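*Asks:* Chains as they are written, first to last, in the UniProt record's numbering: chain R, 2 to 100; chain F, 1 to 83; chain D, 8 to 106; chain S, 2 to 209.
Beta carbons are placed, not taken as given, at the ideal position from N, Cα and C, and that holds for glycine.
Dumping the structure here so I can ask a few things about it.
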Amino acid sequence: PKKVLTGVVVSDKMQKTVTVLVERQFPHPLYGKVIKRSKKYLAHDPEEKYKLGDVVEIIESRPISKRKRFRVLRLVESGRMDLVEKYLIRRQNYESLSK
Amino acid sequence: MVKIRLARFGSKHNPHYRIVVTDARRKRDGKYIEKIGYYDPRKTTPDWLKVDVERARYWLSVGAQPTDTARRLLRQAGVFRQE
Amino acid sequence: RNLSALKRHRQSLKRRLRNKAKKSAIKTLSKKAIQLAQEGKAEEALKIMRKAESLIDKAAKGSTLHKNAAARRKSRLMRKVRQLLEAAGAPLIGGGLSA
Amino acid sequence: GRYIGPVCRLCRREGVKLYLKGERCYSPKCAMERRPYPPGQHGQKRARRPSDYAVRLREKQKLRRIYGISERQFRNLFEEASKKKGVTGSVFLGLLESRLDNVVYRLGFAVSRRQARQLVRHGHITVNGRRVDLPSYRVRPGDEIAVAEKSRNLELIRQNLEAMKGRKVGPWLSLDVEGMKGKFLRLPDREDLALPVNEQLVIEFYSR
RNA sequence: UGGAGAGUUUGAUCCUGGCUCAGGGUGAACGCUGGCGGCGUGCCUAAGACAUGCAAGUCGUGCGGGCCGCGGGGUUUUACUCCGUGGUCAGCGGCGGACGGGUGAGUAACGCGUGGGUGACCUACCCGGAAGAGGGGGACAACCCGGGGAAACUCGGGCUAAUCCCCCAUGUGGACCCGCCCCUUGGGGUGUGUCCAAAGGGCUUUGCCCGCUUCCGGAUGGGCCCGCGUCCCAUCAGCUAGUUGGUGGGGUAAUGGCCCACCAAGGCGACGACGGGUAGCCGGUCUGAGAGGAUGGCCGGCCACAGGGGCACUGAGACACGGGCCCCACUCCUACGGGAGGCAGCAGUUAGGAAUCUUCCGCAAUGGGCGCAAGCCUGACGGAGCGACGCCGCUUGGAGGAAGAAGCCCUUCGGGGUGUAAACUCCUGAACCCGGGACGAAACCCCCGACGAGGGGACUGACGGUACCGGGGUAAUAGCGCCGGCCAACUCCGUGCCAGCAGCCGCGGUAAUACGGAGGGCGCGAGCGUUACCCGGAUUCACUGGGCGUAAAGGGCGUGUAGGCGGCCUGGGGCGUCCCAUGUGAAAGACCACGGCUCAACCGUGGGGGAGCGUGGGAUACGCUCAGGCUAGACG
Ligand SMILES: [K+]
Ligand SMILES: [K+]
Ligand SMILES: [K+]
Ligand SMILES: [K+]
Ligand SMILES: [K+]
Ligand SMILES: [K+]
Ligand SMILES: [K+]
Ligand SMILES: [K+]
Ligand SMILES: [K+]
Ligand SMILES: [K+]
Ligand SMILES: [K+]
Ligand SMILES: [K+]
Ligand SMILES: [Mg+2]
Ligand SMILES: [Mg+2]
Ligand SMILES: [Mg+2]
Ligand SMILES: [Mg+2]
Ligand SMILES: [Mg+2]
Ligand SMILES: [Mg+2]
Ligand SMILES: [Mg+2]
Ligand SMILES: [Mg+2]
Ligand SMILES: [Mg+2]
Ligand SMILES: [Mg+2]
Ligand SMILES: [Mg+2]
Ligand SMILES: [Mg+2]
Ligand SMILES: [Mg+2]
Ligand SMILES: [Mg+2]
Ligand SMILES: [Mg+2]
Ligand SMILES: [Mg+2]
Ligand SMILES: [Mg+2]
Ligand SMILES: [Mg+2]
Ligand SMILES: [Mg+2]
Ligand SMILES: [Mg+2]
Ligand SMILES: [Mg+2]
Ligand SMILES: [Mg+2]
Ligand SMILES: [Mg+2]
Ligand SMILES: [Mg+2]
Ligand SMILES: [Mg+2]
Ligand SMILES: [Mg+2]
Ligand SMILES: [Mg+2]
Ligand SMILES: [Mg+2]
Ligand SMILES: [Mg+2]
Ligand SMILES: [Mg+2]
Ligand SMILES: [Mg+2]
Ligand SMILES: [Mg+2]
Ligand SMILES: [Mg+2]
Ligand SMILES: [Mg+2]
Ligand SMILES: [Mg+2]
Ligand SMILES: [Mg+2]
Ligand SMILES: [Mg+2]
Ligand SMILES: [Mg+2]
Ligand SMILES: [Mg+2]
Ligand SMILES: [Mg+2]
Ligand SMILES: [Mg+2]
Ligand SMILES: [Mg+2]
Ligand SMILES: [Mg+2]
Ligand SMILES: [Mg+2]
Ligand SMILES: [Mg+2]
Ligand SMILES: [Mg+2]
Ligand SMILES: [Mg+2]
Ligand SMILES: [Mg+2]
Ligand SMILES: [Mg+2]
Ligand SMILES: [Mg+2]
Ligand SMILES: [Mg+2]
Ligand SMILES: [Mg+2]
Ligand SMILES: [Mg+2]
Ligand SMILES: [Mg+2]
Ligand SMILES: [Mg+2]
Ligand SMILES: [Mg+2]
Ligand SMILES: [Mg+2]
Ligand SMILES: [Mg+2]
Ligand SMILES: [Mg+2]
Ligand SMILES: [Mg+2]
Ligand SMILES: [Mg+2]
Ligand SMILES: [Mg+2]
Ligand SMILES: [Mg+2]
Ligand SMILES: [Mg+2]
Ligand SMILES: [Mg+2]
Ligand SMILES: [Mg+2]
Ligand SMILES: [Mg+2]
Ligand SMILES: [Mg+2]
Ligand SMILES: [Mg+2]
Ligand SMILES: [Mg+2]
Ligand SMILES: [Mg+2]
Ligand SMILES: [Mg+2]
Ligand SMILES: [Mg+2]
Ligand SMILES: [Mg+2]
Ligand SMILES: [Mg+2]
Ligand SMILES: [Mg+2]
Ligand SMILES: [Mg+2]
Ligand SMILES: [Mg+2]
Ligand SMILES: [Mg+2]
Ligand SMILES: [Mg+2]
Ligand SMILES: [Mg+2]
Ligand SMILES: [Mg+2]
Ligand SMILES: [Mg+2]
Ligand SMILES: [Mg+2]
Ligand SMILES: [Mg+2]
Ligand SMILES: [Mg+2]
Ligand SMILES: [Mg+2]
Ligand SMILES: [Mg+2]
Ligand SMILES: [Mg+2]
Ligand SMILES: [Mg+2]
Ligand SMILES: [Mg+2]
Ligand SMILES: [Mg+2]
Ligand SMILES: [Mg+2]
Ligand SMILES: [Mg+2]
Ligand SMILES: [Mg+2]
Ligand SMILES: [Mg+2]
Ligand SMILES: [Mg+2]
Ligand SMILES: [Mg+2]
Ligand SMILES: [Mg+2]
Ligand SMILES: [Mg+2]
Ligand SMILES: [Mg+2]
Ligand SMILES: [Mg+2]
Ligand SMILES: [Mg+2]
Ligand SMILES: [Mg+2]
Ligand SMILES: [Mg+2]
Ligand SMILES: [Mg+2]
Ligand SMILES: [Mg+2]
Ligand SMILES: [Mg+2]
Ligand SMILES: [Mg+2]
Ligand SMILES: [Mg+2]
Ligand SMILES: [Mg+2]
Ligand SMILES: [Mg+2]
Ligand SMILES: [Mg+2]
Ligand SMILES: [Mg+2]
Ligand SMILES: [Mg+2]
Ligand SMILES: [Zn+2]
């Protein structure tokens with residue numbers, strides 16, 4: 002079966018493309034704590050249908066381009082900008098630690 | 001092509017063969033598709049030759065080609081017997 | 008002091024000159040046909056596209072222009088010709104293109 | 002190697018009368034009957050309180066030198082027993098008693114275990130009919146240990162099986178004296194063996 | 001069925017704490033010593049350089065010839081020529097050279113492991129099914145002639161065959177554009193239009209065999225894509241210009257920014273990008289109570305590479321180890337113009353290094369390529385050789401033998417020790433000497449049958465006169481370390497902080513169980529020690545399993561970002577969590593049972609397993625999320 006993930010659209014700045022951040026929980030292999038990792042996937046939106054904040058499902062697809070290997074299956078729930086704000090804050094914190 | 005042949009598994013001066021289905025290109029002791037029997041040339045035990053008949057019939061139906069020795073061993077096990 | 012498998016090498020050279028020839032024809036004819044489709048001459052364009060398709064398939068007979076790469080070339084050729092004729096119209100000779 | 006050399010010096014060093022010569026360890030000539038102290042210049046001197054390692058090492062050396070088995074085969078048999086299910090000590094003793102040379106000694110074919118080793122090594126012993134010349138051969142319950150028909154006319158076998166008339170054999174062994182053969186009935190229990198050795202000390206010695 | 005500790009800081013103690021030792025392991029090496037056999041194993045360094053031989057070919061049942069020879073013909077003879085045949089040589093043509101074999105360089109990466117996707121794909125030979133093969137035409141080698149070059153080799157002209165190339169036809173069918181239907185990414189069907197097939201050979205000769213062509217499917221093998229996992233350094237913090245995306249193209253069997261035009265300004269990063277370093281990865285292996293640590297040699301799977309770098313051709317398949325082209329370094333030939341070569345294939349040479357083998361036998365067995373077959377090729381492989389390198393089996397004798405030879409060492413001078421040890425007595429018979437003497441090998445093939453099933457017959461052994469069996473038959477290698485404590489084993493003499501020992505504590509400066517020798521003893525034994533390295537002890541990087549008042553260790557303090565953590569009640573969801581079924585978890589190894597070499601090592605068979613991940617279903621206590629409510633926390 003083609004893998005199906007669920008994430009948040011955090012970048013609509015590309016043409017016919019979205020950036021879906023997908024989280025996942027798993028116990029640490031040695032320390033057993035349930036830790037939360039995350040990964041961004043470039044998903045294909047051929048109709049510019051999905052916008053920022055939309056929580057969507059993502060399906061493994063025939064490759065559309067380099068780095069782009071997934072399509073947007075459906076919209077789970079409409080825009081919730083809280084997670085997008087969290088991601089943008091986590092990104093903006095990188096400018097504080099340079100030198 | 002896919003062939004039915006013998007793989008050597010015994011020690012030195014103690015040959016023990018596995019009647020085995022594998023691609024002809026892979027080495028004779030390499031990863032085979034399925035073990036369909038075993039053969040002991042020195043007849044050390046009362047059961048020195050065993051063959052899965054239905055599996056051999058299947059692999060012959062799909063187009064495997066046994067070696068002359070493999071064909072001899074299969075014929076001795078009644079794989080081709082249609083009486 | 009070497010082995011006679013150099014014969015193979017010789018053969019390859021011949022086959023090279025055999026393949027490069029056929030392709031060199033096909034491409035050429037293709038261009039020609041496309042030109043006649045851009046300029047509106049429909050009967051001549053299709054009459055040449057027929058020969059181009061014939062050469063493509065005849066090269067597919069051998070090891071020169073073998074499996075469905077030949078269908079790729081035929082598809083692209085016929086698509087481009089039908090598209091360029093739609094800019095002018097009147098598919099006169101009614102050759103490779105279906106009704 | 003089999004340690005080959007003086008034997009009753011081990012009768013002395015081990016502190017317990019061993020039977021490595023067969024006879025003459027029963028006669029008042031074992032040198033353990035008349036010299037019970039350990040060998041060497043410092044044998045008669047007052048012994049110091051030995052360490053625990055000393056006790057365990059001496060016990061294991063007693064148990065090993067009783068059978069005349071090298072340290073290699075001894076450690077291998079011990080590890081083999083420890084791998085098996087059951088009490089390590091009793092299984093180890095049953096393995097040691099299952100050796101072909103020890104079975105020959107127990108059946109009275111030889112007066113000593115080393116004489117039994119020489120009898121086996123020279124092909125004078127058959128197992129189930131087939132000649133076997135390996136002292137390390139393991140006897141299974143049900144095997145018939147016999148004397149070679151070509152060797153039954155030798156003087157030593159005549160003497161040994163002429164003295165075995167009326168003598169009893171171990172509970173796990175049977176003996177046909179006229180046919181010069183015997184059977185290994187079962188593995189011997191710890192109660193069946195009269196060995197002056199504490200097996201738990203040897204287990205603790207290899208536990209280190 | 002699984003877990004041992006000890007020595008050492010002090011005058012003594014407790015604690016903290018490091019160091020060291022007892023264990024196991026090795027592709028080992030070195031010293032002393034060294035008898036046999038079986039099974040394994042053997043360049044870890046210079047991915048340095050290589051003399052020589054072999055290692056990849058095969059088909060006359062695809063085709064025409066050259067050379068040498070024989071036989072029979074057309075002729076009265078000659079000249080000339082026709083046919084058959086033998087040997088040989090290449091050539092054209094087909095298949096194979098992309099497998100097998102080697103190595104660990106490079107790679108931190110979809111390379112590998114694992115689980116999936118391909119509606120985005122290919123697969124020569126093989127298997128099943130449907131259909132077909134009609135006619136014509138052409139060229140290049142071999143060969144003949146001439147030229148150029150020292151050579152490698154090369155250039156031009158002419159003749160010719162084919163399963164070589166081409167044209168037309170036949171359209172079972174397939175390919176493509178467009179339209180419709182089903183299906184849902186490029187899957188399947190249908191219509192018109194267009195385009196596309198073929199090769200013959202052999203006979204036991206008008207009937208079969210090897211083939212050929214188009215298509216569908218199977219099988220096998222692979223390409224590509226995705227989730228998760230995969231070392232150290234943050235004394236590397238910002239990285240990116242084909243960079244991220246789009247449109248349209250080119251390209252491939254196929255998706256793709258793979259490549260290219262034009263357009264948009266994006267993409268990645270403390271959840272560690274980028275950079276540096278190191279390193280093939282895994283099944284496994286070593287160790288460990290386990291968790292874990294270390295490792296990836298032999299064998300098996302995948303990868304990458306073939307003097308260094310780059311590139312295409314041919315082909316089903318290669319960016320091709322023993323194919324091609326160019327640049328670079330090196331070696332060789334050279335008429336100085338120019339050429340030849342590429343052991344990380346087998347063996348061997350040399351260099352480096354502490355260190356790693358025979359320039360061996362064989363096509364008998366297994367496997368592979370070609371061939372209808374006979375058969376040819378195969379340094380794949382099967383064996384032998386060398387090396388205690390490892391594992392296992394075995395021998396150097398067995399029994400009797402003094403209140404106890406001699407010698408040697410102690411000594412209270414009474415004696416004690418080496419010690420039943422020896423000499424000796426009797427017995428067996430390692431070595432060797434003879435005779436027999438293998439299994440591994442029955443198929444391919446031939447005959448009957450029907451070239452099927454079935455039956456029958458025949459050939460073929462490198463190892464090797466080896467294994468093994470029978471007879472005969474000689475008492476016939478023992479060494480190495482240690483003896484102060486950890487740690488099993490004590491005396492004498494010599495030496496005098498000298499000579500030296502030492503893993504740690506430490507010993508020796510006159511009477512040393514510690515140095516050296518002797519006697520004796522302890523431990524192993526064809527081995528014993530040493531060194532190196534790995535795990536162990538080590539709970540000493542503490543998940544299981546540690547700590548921070550004074551022993552190493554709380555940041556000088558606050559505010560607060562990300563993150564981590566979250567009071568009580570009800571409900572929905574079922575992400576974590578849990579359960580059932582199922583798929584996967586190759587083989588070998590590991591575990592258990594039985595069995596084969598006289599045992600064992602080694603090996604065969606069978607059984608049992610198993611974390612993880614995919615799928616279907618279920619559970620909702622807790623963690624999570626959403627919605628509502630409460631006031632004990634918090635704030636006012
Ligand atoms: K920035
Ligand atoms: K102390
Ligand atoms: K020519
Ligand atoms: K049609
Ligand atoms: K397939
Ligand atoms: K090649
Ligand atoms: K005899
Ligand atoms: K037959
Ligand atoms: K004999
Ligand atoms: K001196
Ligand atoms: K000394
Ligand atoms: K754990
Ligand atoms: Mg999410
Ligand atoms: Mg957008
Ligand atoms: Mg695109
Ligand atoms: Mg293969
Ligand atoms: Mg049978
Ligand atoms: Mg059949
Ligand atoms: Mg060739
Ligand atoms: Mg050829
Ligand atoms: Mg042109
Ligand atoms: Mg091609
Ligand atoms: Mg046990
Ligand atoms: Mg146990
Ligand atoms: Mg300590
Ligand atoms: Mg102090
Ligand atoms: Mg002190
Ligand atoms: Mg004090
Ligand atoms: Mg060690
Ligand atoms: Mg060790
Ligand atoms: Mg020597
Ligand atoms: Mg050997
Ligand atoms: Mg070898
Ligand atoms: Mg190494
Ligand atoms: Mg190397
Ligand atoms: Mg003539
Ligand atoms: Mg006439
Ligand atoms: Mg004349
Ligand atoms: Mg000829
Ligand atoms: Mg030829
Ligand atoms: Mg030529
Ligand atoms: Mg290979
Ligand atoms: Mg790096
Ligand atoms: Mg990196
Ligand atoms: Mg993967
Ligand atoms: Mg990855
Ligand atoms: Mg995979
Ligand atoms: Mg074909
Ligand atoms: Mg074909
Ligand atoms: Mg077919
Ligand atoms: Mg012709
Ligand atoms: Mg012609
Ligand atoms: Mg012609
Ligand atoms: Mg010409
Ligand atoms: Mg001519
Ligand atoms: Mg053809
Ligand atoms: Mg049709
Ligand atoms: Mg046609
Ligand atoms: Mg023709
Ligand atoms: Mg005919
Ligand atoms: Mg043929
Ligand atoms: Mg696949
Ligand atoms: Mg790129
Ligand atoms: Mg594109
Ligand atoms: Mg290609
Ligand atoms: Mg980047
Ligand atoms: Mg991340
Ligand atoms: Mg490296
Ligand atoms: Mg273990
Ligand atoms: Mg283990
Ligand atoms: Mg482990
Ligand atoms: Mg590793
Ligand atoms: Mg390897
Ligand atoms: Mg390997
Ligand atoms: Mg080299
Ligand atoms: Mg290169
Ligand atoms: Mg090169
Ligand atoms: Mg081919
Ligand atoms: Mg390559
Ligand atoms: Mg190449
Ligand atoms: Mg080579
Ligand atoms: Mg060349
Ligand atoms: Mg040297
Ligand atoms: Mg070798
Ligand atoms: Mg040879
Ligand atoms: Mg062969
Ligand atoms: Mg063969
Ligand atoms: Mg070999
Ligand atoms: Mg040994
Ligand atoms: Mg004696
Ligand atoms: Mg005699
Ligand atoms: Mg036979
Ligand atoms: Mg016939
Ligand atoms: Mg037959
Ligand atoms: Mg043959
Ligand atoms: Mg012979
Ligand atoms: Mg004999
Ligand atoms: Mg002591
Ligand atoms: Mg010393
Ligand atoms: Mg040390
Ligand atoms: Mg003095
Ligand atoms: Mg002194
Ligand atoms: Mg001393
Ligand atoms: Mg001594
Ligand atoms: Mg050693
Ligand atoms: Mg250590
Ligand atoms: Mg630890
Ligand atoms: Mg522990
Ligand atoms: Mg440490
Ligand atoms: Mg902890
Ligand atoms: Mg602590
Ligand atoms: Mg402090
Ligand atoms: Mg403070
Ligand atoms: Mg937060
Ligand atoms: Mg917060
Ligand atoms: Mg709660
Ligand atoms: Mg929370
Ligand atoms: Mg609930
Ligand atoms: Mg769930
Ligand atoms: Mg397994
Ligand atoms: Mg098994
Ligand atoms: Mg057995
Ligand atoms: Mg299971
Ligand atoms: Mg489920
Ligand atoms: Mg519920
Ligand atoms: Mg609330
Ligand atoms: Mg208040
Ligand atoms: Zn005694």
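1. Within 8 Å, do at least three Cβ pairs link the region 51 to 60 of chain S to the region 168 to 178 of chain S?
2. What residues match up with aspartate 23 (chain F) in a beta bridge as DSSP calls it?
3. Given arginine 57 (chain S), which residues of its chain have a CB within under 6 Å of its CB, disregarding the five upstream and five downstream residues?
4. Hey, out of S:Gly87, S:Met181, S:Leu135, whose CA is closest to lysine 151 (chain S)'s CA?
5. On the DSSP letters alone, give me the boundaries of the alpha helix (DSSP H) that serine 61 (chain D) sits inside.
6. Alpha carbon to alpha carbon, what distance is there between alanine 28 (chain D) and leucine 13 (chain D)?
7. Report all residues from its chain with a CB closer than 6 Å to the CB of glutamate 98 (chain S); omit the five preceding and five following residues, and keep chain order.
8. With distances taken between CB atoms, is the gap from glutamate 61 (chain R) to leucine 74 (chain R) smaller than 7 Å?
9. Quick one: complete alpha helix (DSSP H) runs, 4+ long, within the region 40 to 89 of chain S?
10. I want to know whether the region 140 to 150 of chain S touches the region 71 to 78 of chain S - three or more CB-CB distances under 8 Å.
11. Relative to the alpha-carbon of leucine 64 (chain S), which residue among S:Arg115, S:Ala147, S:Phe185, S:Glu15 has its alpha-carbon at the smallest distance?
12. Using three-state DSSP, classify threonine 45 (chain F) as helix, strand or coil.
13. Out of curiosity, what's the CA-to-CA distance linking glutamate 200 (chain S) and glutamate 81 (chain S)?
14. Can you check DSSP and say which residues form a bridge with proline 66 (chain F)?
15. Would you list, in sequence order, the uninterrupted alpha helix (DSSP H) runs of no fewer than 4 residues that lie entirely inside the region 82 to 167 of chain S?
16. Rounded to whole angstroms, what is the Cα-Cα separation between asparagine 75 (chain D) and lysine 39 (chain D)?
17. Whole-angstrom Cβ separation of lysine 34 (chain R) and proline 28 (chain R), contact assumed at under 8 Å?
18. What number of angstroms, rounded off, separates the C-alpha of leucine 19 (chain S) from the C-alpha of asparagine 154 (chain S)?
19. Could you give the DSSP three-state label for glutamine 16 (chain R): helix, strand or coil?
20. Just to confirm before moving on: does the CB-CB distance between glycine 30 (chain F) and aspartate 52 (chain F) stay below 7 Å?
*Replies:* The structure says:
1. no
2. F:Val2
3. These residues qualify, in order along the chain: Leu202, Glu205, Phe206.
4. S:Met181
5. From DSSP, the alpha helix (DSSP H) with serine 61 (chain D) extends over 49 to 68.
6. 23 Å
7. When the five nearest sequence neighbours on each side are left out, the beta carbons in the same chain lying within less than 6 Å of the beta carbon of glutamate 98 (chain S) are those of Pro189, in order along the chain.
8. No, the Cβ-Cβ distance between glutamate 61 (chain R) and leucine 74 (chain R) is not below 7 Å.
9. 53 to 68, 72 to 84
10. no
11. S:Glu15
12. coil
13. 15 Å
14. F:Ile4
15. 89 to 98, 101 to 107, 114 to 122, 156 to 164
16. 23 Å
17. 7 Å
18. Straight through space, the alpha carbons of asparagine 154 (chain S) and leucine 19 (chain S) are spaced by roughly 31 Å.
19. coil
20. Taking 7 Å as the Cβ cut-off, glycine 30 (chain F) and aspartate 52 (chain F) do not qualify as a contacting pair.
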